[PDB]
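Visitor: Quick check, what structure comes out for this input:
(4 chains)
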Amino acid sequence: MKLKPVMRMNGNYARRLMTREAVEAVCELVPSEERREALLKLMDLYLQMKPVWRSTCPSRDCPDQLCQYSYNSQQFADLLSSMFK
DNA sequence: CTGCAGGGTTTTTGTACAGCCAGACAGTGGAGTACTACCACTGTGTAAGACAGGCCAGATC
DNA sequence: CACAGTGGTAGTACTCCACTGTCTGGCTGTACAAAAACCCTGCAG
DNA sequence: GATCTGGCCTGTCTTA
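Guide: Residues are numbered from 1 along each chain as shown, chains lettered A, B, ... in the order given. Please find the structure below.
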(Lines give C-alpha, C1' and ligand atoms only; values in the text may rest on other atoms or scores of the structure.)
Protein backbone atom coordinates (compact mmCIF):
# COMPACT_ATOMS: atom_id res chain seq x y z
CA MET A 1 0.00 0.00 0.00
CA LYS A 2 3.06 2.35 0.04
CA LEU A 3 2.27 3.63 3.53
CA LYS A 4 5.00 4.32 6.12
CA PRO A 5 4.51 3.27 9.75
CA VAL A 6 2.91 5.96 11.83
CA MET A 7 3.38 8.08 14.94
CA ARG A 8 -0.23 9.18 15.27
CA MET A 9 -3.05 8.42 12.96
CA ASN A 10 -3.45 11.37 10.60
CA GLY A 11 -6.56 11.62 8.43
CA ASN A 12 -4.61 11.22 5.20
CA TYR A 13 -3.09 7.86 6.17
CA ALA A 14 -6.63 7.27 7.49
CA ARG A 15 -8.01 7.71 3.89
CA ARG A 16 -5.41 5.42 2.38
CA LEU A 17 -5.94 2.87 5.18
CA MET A 18 -9.61 2.17 4.57
CA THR A 19 -10.08 1.21 0.94
CA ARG A 20 -10.78 -2.27 -0.29
CA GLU A 21 -7.20 -2.56 -1.67
CA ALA A 22 -5.54 -1.90 1.69
CA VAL A 23 -7.73 -4.56 3.30
CA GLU A 24 -7.05 -7.10 0.50
CA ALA A 25 -3.36 -6.38 1.04
CA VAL A 26 -3.80 -7.20 4.79
CA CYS A 27 -6.04 -10.12 3.76
CA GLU A 28 -2.93 -12.06 2.68
CA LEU A 29 -1.66 -11.92 6.28
CA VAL A 30 -4.39 -13.60 8.29
CA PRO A 31 -4.33 -17.36 7.56
CA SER A 32 -8.03 -18.07 8.40
CA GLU A 33 -10.07 -17.84 5.20
CA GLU A 34 -13.29 -17.18 7.08
CA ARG A 35 -11.85 -14.09 8.70
CA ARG A 36 -10.77 -12.72 5.31
CA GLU A 37 -14.40 -12.81 4.27
CA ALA A 38 -15.42 -11.17 7.55
CA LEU A 39 -13.14 -8.13 7.81
CA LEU A 40 -13.29 -7.69 4.03
CA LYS A 41 -17.08 -7.56 3.99
CA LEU A 42 -16.85 -5.29 7.06
CA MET A 43 -14.65 -2.79 5.17
CA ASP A 44 -16.96 -2.78 2.18
CA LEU A 45 -19.83 -1.97 4.55
CA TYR A 46 -17.76 0.89 5.90
CA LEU A 47 -16.93 2.23 2.42
CA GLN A 48 -20.67 2.20 1.77
CA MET A 49 -21.52 4.25 4.88
CA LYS A 50 -18.51 6.64 4.73
CA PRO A 51 -19.66 9.00 1.96
CA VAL A 52 -22.94 9.48 3.86
CA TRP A 53 -21.41 11.74 6.55
CA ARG A 54 -18.23 12.73 4.74
CA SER A 55 -19.80 14.11 1.62
CA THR A 56 -20.89 17.75 1.78
CA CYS A 57 -24.63 17.14 0.98
CA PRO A 58 -25.51 13.38 0.77
CA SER A 59 -29.04 14.29 -0.30
CA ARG A 60 -27.63 14.91 -3.80
CA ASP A 61 -24.21 13.33 -4.37
CA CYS A 62 -24.83 10.00 -2.57
CA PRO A 63 -28.61 9.41 -2.01
CA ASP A 64 -28.74 5.57 -2.28
CA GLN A 65 -26.05 5.07 0.38
CA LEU A 66 -27.98 7.52 2.58
CA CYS A 67 -31.35 5.78 2.30
CA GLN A 68 -29.58 2.48 3.15
CA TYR A 69 -27.54 3.77 6.09
CA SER A 70 -29.56 2.35 9.00
CA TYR A 71 -29.84 -1.12 7.50
CA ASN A 72 -26.18 -1.06 6.44
CA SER A 73 -25.04 -0.07 9.95
CA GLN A 74 -27.30 -2.86 11.16
CA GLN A 75 -25.38 -5.50 9.18
CA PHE A 76 -22.21 -3.89 10.44
CA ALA A 77 -23.14 -3.98 14.16
CA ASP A 78 -24.48 -7.53 13.84
CA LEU A 79 -21.15 -8.53 12.26
CA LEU A 80 -19.13 -7.03 15.09
CA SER A 81 -21.20 -8.37 17.98
CA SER A 82 -21.24 -11.78 16.22
CA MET A 83 -17.73 -12.40 14.94
CA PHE A 84 -15.51 -9.79 16.62
CA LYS A 85 -17.38 -9.75 19.93
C1' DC B 1 -46.80 82.04 -5.97
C1' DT B 2 -47.88 77.81 -9.05
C1' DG B 3 -48.95 75.85 -13.90
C1' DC B 4 -47.38 75.63 -19.17
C1' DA B 5 -45.78 77.89 -23.41
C1' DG B 6 -43.55 81.00 -27.36
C1' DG B 7 -38.80 81.89 -27.62
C1' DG B 8 -34.26 83.25 -25.55
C1' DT B 9 -29.58 81.58 -23.97
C1' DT B 10 -25.23 78.45 -24.52
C1' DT B 11 -24.07 74.13 -25.70
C1' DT B 12 -24.55 69.69 -27.47
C1' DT B 13 -24.26 65.84 -31.49
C1' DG B 14 -23.82 64.85 -35.57
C1' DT B 15 -23.72 65.28 -40.25
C1' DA B 16 -21.85 67.31 -43.77
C1' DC B 17 -17.26 67.83 -47.56
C1' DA B 18 -12.10 65.55 -48.79
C1' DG B 19 -7.55 63.60 -48.07
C1' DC B 20 -4.72 59.69 -45.35
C1' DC B 21 -2.43 57.05 -42.20
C1' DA B 22 -3.00 52.38 -39.17
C1' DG B 23 -3.67 48.21 -38.46
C1' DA B 24 -6.83 44.37 -39.38
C1' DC B 25 -7.74 40.90 -42.77
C1' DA B 26 -5.79 36.70 -45.23
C1' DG B 27 -1.59 33.25 -46.50
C1' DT B 28 1.94 30.38 -45.05
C1' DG B 29 5.01 26.64 -42.97
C1' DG B 30 6.16 26.28 -39.10
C1' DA B 31 8.11 28.32 -35.85
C1' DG B 32 8.42 27.97 -30.79
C1' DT B 33 4.79 29.77 -28.28
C1' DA B 34 1.68 29.42 -23.96
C1' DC B 35 -1.32 26.82 -21.14
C1' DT B 36 -2.98 22.16 -20.40
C1' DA B 37 -3.64 17.64 -17.88
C1' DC B 38 -1.22 14.33 -15.40
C1' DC B 39 1.49 12.08 -11.69
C1' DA B 40 2.06 10.59 -6.77
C1' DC B 41 2.05 12.61 -3.16
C1' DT B 42 1.66 15.89 0.77
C1' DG B 43 -0.04 19.05 5.59
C1' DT B 44 -2.92 20.41 9.33
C1' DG B 45 -5.36 17.41 13.15
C1' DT B 46 -0.64 15.51 19.35
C1' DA B 47 -2.47 14.45 25.76
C1' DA B 48 -5.24 13.59 29.52
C1' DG B 49 -8.63 10.98 32.24
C1' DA B 50 -11.68 6.71 33.90
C1' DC B 51 -12.13 2.33 35.28
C1' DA B 52 -11.13 -2.50 36.80
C1' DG B 53 -8.68 -5.41 39.49
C1' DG B 54 -5.12 -6.46 42.13
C1' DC B 55 -3.05 -6.51 46.77
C1' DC B 56 -0.12 -4.82 50.22
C1' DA B 57 -0.07 -1.39 54.16
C1' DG B 58 -1.86 -0.45 58.19
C1' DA B 59 -5.42 1.14 61.25
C1' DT B 60 -9.20 -0.90 64.16
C1' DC B 61 -10.83 -4.84 67.49
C1' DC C 1 -16.94 10.95 -0.02
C1' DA C 2 -11.36 17.66 2.05
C1' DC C 3 -8.29 20.92 -0.10
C1' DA C 4 -4.71 23.69 -2.30
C1' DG C 5 -1.16 22.73 -3.47
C1' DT C 6 4.11 20.60 -6.16
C1' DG C 7 7.60 20.62 -10.60
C1' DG C 8 8.65 18.30 -14.90
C1' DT C 9 6.67 16.60 -19.06
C1' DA C 10 4.16 15.89 -23.29
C1' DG C 11 0.40 17.07 -24.68
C1' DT C 12 -2.23 20.56 -27.22
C1' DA C 13 -3.33 24.79 -28.64
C1' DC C 14 -2.64 29.27 -29.83
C1' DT C 15 -0.14 33.03 -31.61
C1' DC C 16 3.77 34.77 -33.39
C1' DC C 17 8.77 35.92 -37.35
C1' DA C 18 9.09 37.62 -43.98
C1' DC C 19 6.85 38.50 -48.47
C1' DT C 20 1.60 42.13 -50.42
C1' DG C 21 -2.46 44.67 -51.39
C1' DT C 22 -6.63 46.22 -49.86
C1' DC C 23 -10.00 47.76 -46.59
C1' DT C 24 -12.53 50.41 -43.04
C1' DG C 25 -12.21 53.62 -39.54
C1' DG C 26 -10.72 57.62 -38.37
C1' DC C 27 -8.66 62.53 -38.21
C1' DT C 28 -8.44 67.94 -40.20
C1' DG C 29 -10.30 73.27 -41.66
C1' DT C 30 -15.92 75.48 -41.27
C1' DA C 31 -20.60 74.89 -42.46
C1' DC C 32 -25.09 73.32 -40.89
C1' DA C 33 -28.77 71.68 -37.41
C1' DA C 34 -31.15 69.46 -34.10
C1' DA C 35 -31.20 68.06 -29.68
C1' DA C 36 -30.24 69.66 -24.64
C1' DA C 37 -31.61 71.94 -20.48
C1' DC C 38 -31.73 76.10 -18.29
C1' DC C 39 -33.72 80.95 -17.55
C1' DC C 40 -35.97 84.14 -19.27
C1' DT C 41 -40.53 86.42 -20.03
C1' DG C 42 -45.10 85.82 -21.53
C1' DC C 43 -49.93 84.74 -20.68
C1' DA C 44 -53.09 82.26 -17.44
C1' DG C 45 -55.31 79.98 -12.20
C1' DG D 1 -5.80 -12.30 62.94
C1' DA D 2 -8.40 -9.64 58.95
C1' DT D 3 -11.77 -6.78 57.30
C1' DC D 4 -12.06 -2.32 54.67
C1' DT D 5 -10.45 1.53 52.36
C1' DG D 6 -7.40 3.62 49.85
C1' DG D 7 -3.15 3.02 47.59
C1' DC D 8 -0.09 2.70 44.05
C1' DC D 9 1.11 0.32 40.23
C1' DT D 10 -0.25 -1.64 36.65
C1' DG D 11 -2.98 -1.74 32.76
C1' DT D 12 -6.01 -1.37 29.48
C1' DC D 13 -9.13 1.95 26.93
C1' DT D 14 -10.50 6.62 24.21
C1' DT D 15 -9.41 11.31 22.58
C1' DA D 16 -6.06 13.95 21.64
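
Visitor: Alongside DNA strand C, which residues does chain A contribute?
Guide: Counting by Cβ under 7 Å from any atom of the strand, the residues of chain A close to DNA strand C are A:11, A:12, A:15, A:50, A:51, A:54, A:55, A:56, A:61, A:62. Quick note: C-beta positions are derived from backbone N, CA and C, even for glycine.

Visitor: Mind telling me which residue of chain A is nearest DNA strand B?
Guide: residue A:11 (2.7 Å; Cβ to the nearest atom of the strand).

Visitor: For burial, what's the neighbour tally of that residue?
Guide: 7 (other Cβ atoms under 10 Å).

Visitor: How about the residues of chain A by DNA strand B?
Guide: A:2, A:7, A:8, A:10, A:11, A:12, A:14.

Visitor: Show me which of these is closest to residue A:34.
Guide: Residue A:34 has its nearest neighbour among the residues of chain A next to DNA strand B in residue A:14, at 27.0 Å by Cβ to Cβ.

Visitor: Now stretch A:68-80: buried residues?
Guide: A:72, A:76 (16 or more other Cβ atoms under 10 Å).

Visitor: Name the residue of chain A that lies nearest to DNA strand C.
Guide: Counting by Cβ to the nearest atom of the strand, chain A gets nearest DNA strand C through residue A:51, at 3.0 Å.

Visitor: ok, that residue - contacts?
Guide: Residues in contact with residue A:51 (Cβ atoms under 8 Å, 6 or more residues apart in numbering) are A:58, A:61, A:62, A:65.

Visitor: swap the cut-off to 6 Å and go again
Guide: Contacts for residue A:51 (Cβ atoms under 6 Å, 6 or more residues apart in numbering) come out as A:62, A:65.
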